[PDB]
*Asks:* 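Right, I'll just put the structure down here and ask away after.
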Amino acid sequence: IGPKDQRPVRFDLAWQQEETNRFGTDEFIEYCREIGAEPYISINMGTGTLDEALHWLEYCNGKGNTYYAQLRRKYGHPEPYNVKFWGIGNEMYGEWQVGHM
Amino acid sequence: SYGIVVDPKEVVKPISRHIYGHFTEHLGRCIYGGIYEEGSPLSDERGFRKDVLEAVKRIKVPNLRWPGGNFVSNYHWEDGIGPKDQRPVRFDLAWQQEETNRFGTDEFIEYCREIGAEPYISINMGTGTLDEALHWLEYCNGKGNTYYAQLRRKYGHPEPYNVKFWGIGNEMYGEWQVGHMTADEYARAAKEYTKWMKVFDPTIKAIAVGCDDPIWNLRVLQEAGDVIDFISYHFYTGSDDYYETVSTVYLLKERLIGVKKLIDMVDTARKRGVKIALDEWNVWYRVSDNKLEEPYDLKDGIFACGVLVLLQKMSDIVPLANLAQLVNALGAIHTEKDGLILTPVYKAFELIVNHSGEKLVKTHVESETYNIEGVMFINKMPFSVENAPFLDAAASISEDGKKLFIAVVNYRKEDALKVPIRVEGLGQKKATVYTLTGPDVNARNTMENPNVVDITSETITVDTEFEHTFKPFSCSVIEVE
Amino acid sequence: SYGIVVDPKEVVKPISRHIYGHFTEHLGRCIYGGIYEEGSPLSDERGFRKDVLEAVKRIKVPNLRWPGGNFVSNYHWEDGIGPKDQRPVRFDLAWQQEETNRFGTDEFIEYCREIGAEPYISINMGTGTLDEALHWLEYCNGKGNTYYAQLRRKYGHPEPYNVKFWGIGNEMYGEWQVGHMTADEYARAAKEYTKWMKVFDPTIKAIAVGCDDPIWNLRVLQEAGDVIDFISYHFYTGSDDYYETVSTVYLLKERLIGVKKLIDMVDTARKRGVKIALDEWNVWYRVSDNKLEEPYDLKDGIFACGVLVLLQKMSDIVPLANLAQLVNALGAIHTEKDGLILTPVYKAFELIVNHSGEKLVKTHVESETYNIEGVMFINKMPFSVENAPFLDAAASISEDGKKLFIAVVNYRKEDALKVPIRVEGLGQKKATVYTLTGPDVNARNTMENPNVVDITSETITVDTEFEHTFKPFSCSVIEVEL
Ligand code: NA
């Protein structure tokens, strides 16, 4: 999120690639709006935390004065995205998953 | 009853260069006031103690473990990077000290480069996370455009450090460790950290935590034996009795054989060829505080000679070992504000490392043996050793084949030993015998008398058969040809 | 390259006499038609096969394990005592046979007495109870007025049997065992049976069940290491390949060192001096049925010789071992209704037990070595051995110090080895070499040709230094007067 040139480059463990993060939450939601699809976001339960998932939800869906709702507005979207479908982890049973359970 | 037969033409196996490793923890004066001292007139402009640097270079350190030890289990490596005046001051829970973080990752790597040692970094599994360990590995080893690789470049080192050895936690079994774990917790966590670190950099070697608890060791090997390279073992020994101290070289031998047998009992680990890292060892029994400035005497140096000889003979099973620790804390070297002392434990390394070959050759030793029951370590744990030898040896050859080294430990307290030696197909030649000993078993070096315990040399004449008299409580290397 | 140096004045350690033990299970024809055949022209008035008795006496059995083996885990010993006609016929789940119980505790002890062996009885922990095992122990060993001590007397033996070795269950880890247990279950049960049995008779030696699972072994040692005397290990090996079979002597060596190291890692067990009982071992790979009449050949006999040599060298760690089994079932001896065959596995014992000392002396062996990857056992499980020797030896001396025995195994498949031997302080004199040998690695004895594989004797002259030529795939003992 935020100005693209300032997003960090990460190493994705799943597919061993440098991820530039130049496609992120705002670009995905914009893609969904363009095609008329409801966004369905999966959360990170491998290296992620409860706080982190709540913050993603706040950023996407928050209507109030909270930090992340305000952050979504700052980055150019005052209206909430209203993401309806949330995936509570991905394949957390599999030993190939980071942080499997 | 005593004798040594060597065949220089029969190479048994290589000797791993990494048996002569060392370790520096953020403990007491090991780092601050030890290797590193900003504003000492004895330090260079990086803050490296130059007298210490000289003594460290002389023992040709193959790899250096850092930053712990108990310290690492509450250490956040990002606190130790960037402009020094912006690093945060932290309270270290392990040794109850304010840590300024002015010695951090980049300074450690610079220290390794200066002394020619490979870095061996332990990670924080106590308060740390998987992401945090991956970020450290990326900072050190990343050659791409990821955030942490670029951060290393930004702080002044474009070329990756290529840290080859990574310690997957420290003593995670011990209630004294921050965030200590059960066997099943640690075994699962060791597998998780190691496997993902190797996704990022498949070239690294991973050392997982072992201990004296065989269930702990088996859980680790069973869970993580498909990905780890070593399981570690920490061995601290000693009492005021000379034999009780030196005999424990052979206690250590049995401990190592035990751990090797555990590896043999886990199919994945056995097949993969998982080995042992003896990544903390020394005498430790006198001092129990947050500084550990153990006053080593020659008794303790003879133990260290015995361990190095043992490791030459067992490095196929134990390829990596690290004396704990290099300076001040359980220190091989002891510093004061105006100088340093080389303890007899340092002298053990100064002897062996400079007079040893890269390949072990056939060595048969005849020796009288003894049995002992004693106490060891700070808690005076009882132990026993059966059939500990009075005389032990290991012959090695240089990589080119031009030099033979016959390391010989006479553990005999009371008597010199006149030992017949045979060296297959050896001409008549002169050789140099380097000898480490002192006036008595409790001898020490001091600031004013720095050479009480030291290496002396004599020229002797050598043949296919010869004799040599080995002084009591001594270690010698006969260097031939 | 090859050489042996012996010093008869340097005694390394005693050799436990119980490394030469044997084992008879109620399995196929081991008992019925094997040691025991009622009404046979070849049996005595007790029903003991007399030809078998002679062969068994010839190998000086120090202890004999009975009645199992998998059989014991569904055996109720009271079924096998009292007037033979009134013993109930039972269905044995282990080998799926009707067991008549006409051979029971009293017949077994009488057999042991006849052959001079110490009885070693395994108890039933599968369908058995603590009371049941205590009653068996009371029947055998009780000398007071208790019901079962009196019952032994009533059935014709006033004197107690003094059974010294008790096996605390059999292979309780295996799903094939009736009433099999988890490690924690077995460890707890072993402690319970052992401690109460020893309250009744504190003199007995208790052998607990070990296996290849190190967690199993450690649970047993941790929970019962204060009361047990041995942890057991069962080792079965072999394949059609000669080297794959004999090299596993040195696989066994490493397995035994491993279990010894586990004992060392458990303080109670280490301080008590718990040792290993190798209480089933043999080649077993060809036959997989309810009779197990494995047709042993010379290759397998050389394996057995190698194990016996190994055990002489390691008996301080492994003081008790039992070949599985004595007759027919994995049998050292094979019977038919009209005679018997001495297999090469039998011959290994005939050689070593008759030509061995009570103390091990200093023996140094120079030998070329080889590495091997092979398969072993009925399931062809993969194994590897590093640096197995082509030549091995163990020297021992008699109790009185008057005789020296140099046991030598030449594992080479094709080439004889002329080996230089040094014996410290030995005079110039004659000696006898006894040699187990046969024409090829697959040689066997048969009814028609009972002596294809046999022990030869020859006179040689020895001195402080001498040479002897050892046949390939052979075991020799050089017996020397001192
Ligand atoms: Na006893």
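Computation of the quantities below employed the complete heavy-atom set of this structure, encompassing side-chain atoms and omitting hydrogens, waters and symmetry-equivalent molecules. Within every chain, numbering begins at 1; the chains are lettered A, B, ... in the order of the sequence lines, protein sequences first and strands thereafter.
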*Asks:* Does the separation of the ring centres of B/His135 and B/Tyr139 fall below 6.0 angstrom?
*Replies:* no

*Asks:* Under 4.5 Å heavy-atom distance to chain B, tell me which part of A/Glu95 shows up: side chain, backbone, both or neither.
*Replies:* both

*Asks:* Between B/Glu138 and chain A, with a heavy-atom cut-off of 4.5 Å, which part of the residue counts as in contact: side chain, backbone, both or neither?
*Replies:* side chain

*Asks:* Test your reading of the model: is there a side-chain donor-acceptor pair from A/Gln6 to the backbone of A/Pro3, 3.5 Å cut-off?
*Replies:* no

*Asks:* Are B/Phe23 and B/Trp66 an aromatic pair by the rule of ring centers under 6.0 Å?
*Replies:* no

*Asks:* Side chain, backbone, both or neither: which part of B/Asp131 has an atom under 4.5 Å from a heavy atom of chain A?
*Replies:* side chain

*Asks:* Would A/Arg10 count as a cation-pi partner of B/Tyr147, with NZ or CZ less than 6.0 Å from the six-membered ring centre and within 45° of the ring normal?
*Replies:* yes

